[PDB]
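Let me begin by presenting the structure, written as structure tokens, before commenting on it.
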Amino acid sequence: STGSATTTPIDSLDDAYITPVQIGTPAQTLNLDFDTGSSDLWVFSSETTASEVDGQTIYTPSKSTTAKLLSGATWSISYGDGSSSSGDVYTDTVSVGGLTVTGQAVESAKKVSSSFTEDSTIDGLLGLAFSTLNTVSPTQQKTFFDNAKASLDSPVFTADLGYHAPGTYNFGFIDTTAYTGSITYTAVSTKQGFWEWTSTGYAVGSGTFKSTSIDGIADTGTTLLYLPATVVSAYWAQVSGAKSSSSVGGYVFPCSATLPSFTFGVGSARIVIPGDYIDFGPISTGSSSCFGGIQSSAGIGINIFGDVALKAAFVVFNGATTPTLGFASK
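The sequence shown begins at 1 in the authors' numbering and counts up by one.
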């Protein structure tokens with residue numbers, strides 16, 4: 001089997017992407033944030049504290065003939081941005097782009113933090129990291145991809161995020177029309193539960209390529225590109241007037257600037273992030289100070305190849321017995 005779903009930016013900055021997901025019988029369609037940096041599929045629901053719901057579409061398990069309470073199971077998760085959610089668990093039928101999993105753990109939110117409430121466009125998350133990170137207790141649950149794997153034509157899913165435009169998540173096949181040149185595959189460590197890999201270096205604009213190992217995670221659920229302070233400093237030094245602002249919480253730059261591209265290495269191959277991808281616009285409405293799309297990972301504890309980087313590539317998440325990551329230009 002295979003699945004194919006369109007994923008759509010939630011706003012004009014590509015702050016995140018939502019993908020429609022069918023849950024239950026009859027189908028309840030929720031727009032979820034596919035997150036290769038976490039491993040919980042959780043949804044706004046009929047159980048969510050009413051004051052914490054503001055415009056989201058909710059899952060109502062009592063209206064699904066295939067929903068079953070997973071007795072005794074609870075979940076609770078905290079994300080790198082400080083947001084969080086928690087609740088209990090149902091199993092139900094979940095379909096993504098024509099691909100159906102029965103008995104999928106659907107984590108029903110009783111509580112969500114303000115960040116989720118305030119984002120009316122995201123109805124929940126669908127985690128696509130390794131199931132070892134799943135927070136369901138006392139019986140850890142599998143991700144949608146894990147449950148689907150054996151049924152898939154090939155044990156892979158691909159992320160093809162658009163710049164200011166829709167893209168595609170495919171399950172079970174590689175669309176060879178969706179990228180240019182070849183896919184370069186690179187090793188993955190699952191030790192931390194992430195799609196963790198090592199970039200072979202970077203360049204800034206038309207600058208020479210610096211060969212250097214950068215360990216990081218391919219994370220569709222993170223907006224920006226978080227890299228070592230040395231790298232990030234080298235990038236913003238090429239932007240007149242750019243500076244790190246503690247009060248804003250990262251690198252800002254004059255909105256009148258033309259940003260240089262950023263290249264990252266995948267083995268001997270190179271992915272080029274156009275400068276425009278690195279512009280996240282005024283820090284506040286009307287400001288002439290713009291927020292940078294490349295930020296320091298110092299104090300995160302991990303480098304993150306988030307959407308800024310991933311949207312410049314066609315990315316293969318290869319879930320074979322020995323997982324790997326593939327990158328192609330597009």
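Where is the CB? At the ideal position from N, CA and C, for every residue including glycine.
query: Just the Cα atoms here: how many angstroms apart are residue 331 and residue 154?
result: With the chain represented from 1 up to 330, any question about residue 331 goes unanswered, as that position is not in the structure.
- prompt: Is the Cβ-Cβ distance between residue 212 and residue 128 less than 9 Å?
  reply: Not closer than 9 Å, so no.
Test item: CB-CB of residue 296 and residue 250 under 9 Å: Yes, these two residues count as a Cβ contact at 9 Å.
query: Which of the three DSSP states, helix, strand or coil, is assigned to residue 52?
result: Three-state result, residue 52: helix.
message: If the criterion is Cβ atoms closer than 9 Å, does the pair residue 123 and residue 32 meet it?
response: Residue 123 is a Cβ neighbour of residue 32, given a cutoff of 9 Å.
task: Compute the Euclidean distance between the alpha carbons of residue 136 and residue 231, then round it to the nearest angstrom.
output: If you take the alpha carbons of residue 136 and residue 231, they lie about 37 Å apart.
message: So, with DSSP's three-state summary, where would you put residue 236?
response: DSSP places residue 236 in helix when its eight states are reduced to three.
- prompt: In whole angstroms, what separates the C-alpha of residue 133 from that of residue 38?
  reply: Computed Cα separation, rounded: 7 Å.
query: In the structure shown, what three-state DSSP assignment does residue 170 receive?
result: Three-state result, residue 170: strand.
- request: Give the C-beta separation of residue 275 and residue 258 to the nearest angstrom, bearing in mind that I take them to be a contact with Cβ-Cβ under 8 Å.
  value: Separation of the CB atoms of residue 275 and residue 258 is rounded to 6 Å, and the pair is thereby assigned contact status at 8 Å.
field: Residue of 179, 238, 49 and 184 minimising C-alpha distance to residue 205
entry: Nearest in C-alpha terms to residue 205, of all of 179, 238, 49 and 184, is 238.
- request: Within 10 angstroms of the Cβ of residue 166, are there 16 or more other Cβ atoms? Answer buried if so, exposed if not.
  value: The residue is exposed, with fewer than 16 neighbouring Cβ atoms inside 10 Å.
- prompt: Would you say residue 96 and residue 21 are within 9 Å of each other, going by their C-beta atoms?
  reply: Cβ atoms of residue 96 and residue 21: closer than 9 Å.
field: Sequence-distant residues of its chain with Cβ nearer than 7 Å to residue 65 (five each side left out)
entry: Within the same chain, 25 come within 7 Å of residue 65 by CB-CB distance, once the 5 residues on both sides are set aside.
query: Which residues share a DSSP beta bridge with residue 30?
result: In the DSSP assignment, residue 30 is bridged to 21.
message: Contact defined as beta carbons within less than 8 Å: I believe residue 152 pairs with residue 218. What is the distance between those atoms, to the nearest angstrom?
response: So it is not a contact: roughly 19 Å between Cβ atoms.
- prompt: Can you check whether the CB of residue 172 is closer than 9 Å to the CB of residue 326?
  reply: Against a cut-off of 9 Å, the Cβ pair of residue 172 and residue 326 comes out as no contact.
message: Please give me, in chain order, every unbroken run of the alpha helix (DSSP H) with length at least 4 that falls completely inside the stretch 115-150.
response: Runs of the alpha helix (DSSP H) inside the stretch 115-150: 144-148.
query: What separation, rounded to the nearest whole angstrom, lies between the Cα atoms of residue 118 and residue 104?
result: So the two alpha carbons sit approximately 27 Å from each other.
- prompt: How long is the line joining the alpha carbons of residue 161 and residue 107, rounded to whole angstroms?
  reply: Cα atoms of residue 161 and residue 107: separation of roughly 25 Å, rounded to the nearest angstrom.
message: Mapping the DSSP letters down to three states, classify residue 153 as helix, strand or coil.
response: The answer is coil: DSSP assigns residue 153 none of H, G, I, E or B.
- prompt: Does the count of Cβ pairs from the stretch 180-190 and the stretch 65-81 closer than 8 Å reach three?
  reply: Between the stretch 180-190 and the stretch 65-81, the count of Cβ pairs shorter than 8 Å is below three; the stretches do not touch.
task: With DSSP as the reference, please indicate the residues paired to residue 9 in a beta bridge.
output: Answer is 17.
task: Would you decide whether residue 138 is buried or exposed? Buried here means 16 or more other CB atoms lie within 10 Å of its CB.
output: Result: exposed.
- prompt: Which same chain residues, not among the five before or five after residue 15, have their C-beta less than 6 Å away from its C-beta?
  reply: 223, listed in sequence order.
task: Below 8 Å on the Cβ atoms is my guess for residue 72 versus residue 120; work out the distance and round it to an integer in Å.
output: Rounded to whole angstroms, the Cβ separation of residue 72 and residue 120 is 32 Å, and the two are not in contact under 8 Å.
- request: Just mark residue 93 as buried or exposed, buried being the case when its beta carbon has 16 or more other beta carbons within 10 Å.
  value: Here residue 93 is buried: its Cβ has 16 or more other Cβ atoms, across all protein chains shown, within 10 Å.
- prompt: What are the partner residues of residue 77, as DSSP defines its beta bridges?
  reply: For residue 77, which the question treats as bridged, DSSP gives the partners 85.
message: I'd like the list of long-range same chain contacts for residue 228, defined as Cβ closer than 8 Å, with 5 residues on each side in sequence excluded.
response: Within the same chain, residue 228 has close Cβ partners 214, 296, 297, 298 and 303.
- prompt: Near residue 146, what residues of its chain come up, given a Cβ to Cβ distance below 6 Å and the 5 sequence neighbours on each side ignored?
  reply: The answer, listed in chain order, is 131.
- request: Would you mind giving the Cβ-Cβ distance between residue 148 and residue 99, rounded to the nearest angstrom? I have them listed as a contact below 8 Å.
  value: Contact check for residue 148 and residue 99: beta-carbon distance about 6 Å, within the 8 Å limit, so the pair qualifies.
field: Backbone secondary structure at residue 325 - three-state DSSP
entry: The answer is strand: DSSP assigns residue 325 an E or B state.
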